[PDB]
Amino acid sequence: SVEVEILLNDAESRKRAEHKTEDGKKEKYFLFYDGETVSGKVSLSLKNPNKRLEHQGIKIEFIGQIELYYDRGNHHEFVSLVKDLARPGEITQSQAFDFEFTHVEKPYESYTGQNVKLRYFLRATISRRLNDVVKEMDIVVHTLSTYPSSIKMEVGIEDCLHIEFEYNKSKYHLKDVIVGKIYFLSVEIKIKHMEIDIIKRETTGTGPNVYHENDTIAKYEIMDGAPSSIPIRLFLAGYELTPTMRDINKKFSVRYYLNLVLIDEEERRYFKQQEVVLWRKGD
């Protein structure tokens, strides 16, 4: 009956960003930043030239919401703007409606996680008595930051094992390099295996319950049984990363840890982790 397009102004002038969806495919979407105007037209196309399409109003919505997967039906919208475009009447000919939302809050970066998702979109709705004709276009929001020593974590016992890992920053942007060093300062026990991991922790807190998902993003191994130092370089640009997301509207958190891991000859596991704040640098 009807075909609804949402078209942005300066479509071919504005930037698109890649974003992975719940499936796993990466699509490109219109990138937007906090505050920016969202504006364009809702375009209607009459499939049958020769046919009235009656309705109870046409409207465009800008929505920013958090969707918790353990409660999939119950969306938590943190920004909702509503502009009505037509009163109940009827469409007798393909036409379009201008809309503009000046000053659109977008406080948080789009995120497509394991137990949670945060998205922004425009929703055009043609109300009808039977079934509403509804069209959604997702857009992507990014949050840019801007920032400015040495950080150490260590592992082991008290007299037989002391390993020290040092690295340049407590904060890194998504294209940075983690530059550090492993110091074998005490090794009275044979080390069977050792690695540095970058781990993503998603923490989603749906009602009385919280959910936790760890994802090992990067795993850098330390070789051969002759434990001196060893320089470390982790190239962040290699890996799918998002900025740190902390207590987003108290629904979820995405945080990143350096995970130092060490297995001795008795097979004992030694762990230590420290949080690194990731941020997004503006191209």
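The numbering used is simple: start at 1 and walk along the sequence shown.
Missing deposited residues between residue 148 and residue 149: 1 to 3, all without coordinates in the entry. Per the record, residue 227 and residue 228 are separated by a gap of 1 to 3 residues from the deposited sequence that were not modelled. Mean CA B-factor, 112 to 120 versus 154 to 162: the higher value falls on 154 to 162. Note on 23 to 31 vs 244 to 252: mean CA B-factor is higher in 23 to 31. Comparing the C-alpha B-factors of 196, 91, 82, 140 in the entry, the top value falls on 91. For the set 65, 216, 45, 39, the maximum C-alpha B-factor listed in the entry falls on 45. In the PDB entry, residue 134 places in the middle third of its chain by CA B-factor. Compared with the other modelled residues of the chain, the Cα B-factor recorded for residue 71 ranks in the middle third. When all modelled residues of the chain are sorted by CA temperature factor, residue 171 is found within the middle third. Residue-level temperature factors show residue 58 in the lowest third of its chain, judged at the C-alpha atom.
Sort the modelled residues of the chain by CA B factor and residue 259 lands in the lowest third.
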